[PDB]
């Protein structure tokens, strides 16, 4: 087996087609299913896997109470084949309240963070064994992507942040070979706050669209040079911005370089990718809450500041339904690299108070060069039918 290089052109897509749905919450009402959040998808050269951070409990279980909280020692990284719900036979791959995983063509890398808020540990597990670890450098919630890392020619890269959630933080980009950290680069460029990067291979480098939790409702961009380890960063050009919260479309802005200072505080993990001058992106339908999910192409959204002409919109989850995090993953085809995305469908607290837990299901779409119709694929559970 050979290392992945991702050295094919990006598939020319017309939009996205339905790929997977796990129905986790509906099933939790009649079966033993893990409580999770922060899911993502990543594929080895043959097949795709779904990941999520468990809460060390199933849903119909008194331990599900108060699982809205982000970090406990019992959170572990769950990994199943895509479409297999997180049942009790699910393997816990490592201890983690923040994680990233990727396959370099030969084996899986998992980056797993756990421990005290002020002094966390990131473990690097490769081909089923612990190879390296690093401790918190800013003593303030060391944290990473919550989606797939990217490997080119045996070197994988992952973005990690330590420091304030609402101010200048310390972001670093790690380069990892067979689980061993070989280089660490500081963030450089004009992005002012970076969290939860959704990264994809863009040979010969890697590109990430992230979350600015401080001053921007426009999404930061991080560009990683795999050859000399140099880093650059900026903001997505599109005037149709990707974060939540954000201003409405008529009053949102981005200049490609700075956070827009428009309802910039807080945010949600999301994604986007460039195609020439244009941009494919997803976002919540609601500008204030994690409700609904839509994708579209912005004409000039990559190259033209404040561009707002969109086309090829698709509703993924209608605005009467809860969404959550979303992220990108890439899949190598015969002659091109396709882009896919997942969206987290969060149920329970804080939005739905009949129950005491917080969990999620997922829905997954992949780029297509063919044609498609319309629909909406929400979580689908009836909150009144759930164990509280």
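Positions refer to the first chain, counted from 1. Only the largest set of C-alpha atoms that superpose within 1.5 Å between the two forms is called the rigid core.
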**Asked** in 6 other deposited structures of this protein, superposed by the rigid core, which stretch departs further from the shown form in CA positions, 53-61 or 66-74?
**Response** 66-74
**Asked** Looking at the entry, does 374-382 or 11-19 show the higher mean C-alpha B-factor?
**Response** 11-19
**Request:** Could you check which stretch, 273-281 or 85-93, carries the larger mean CA temperature factor in the entry?
**Result:** 273-281
**Item:** Top Cα B factor in the deposited entry, candidates 119, 133, 98, 254
**Value:** 254
**Asked** In the PDB entry, which of 153, 218, 80, 291 has its C-alpha at the highest B-factor?
**Response** 153
**CA B-factor placement of residue 318, once the chain's modelled residues are sorted into thirds** = middle
**Item:** Ranked against its chain, the third holding the CA B-factor of residue 196
**Value:** middle
**Request:** Comparing against every modelled residue in the chain, figure out the third that the C-alpha B-factor of residue 349 lands in (lowest, middle or highest).
**Result:** middle
**Asked** Which third of the chain does residue 334 land in by C-alpha B-factor: lowest, middle or highest?
**Response** highest
**Cα B factor band for residue 60 (lowest, middle or highest third within the chain)** = middle
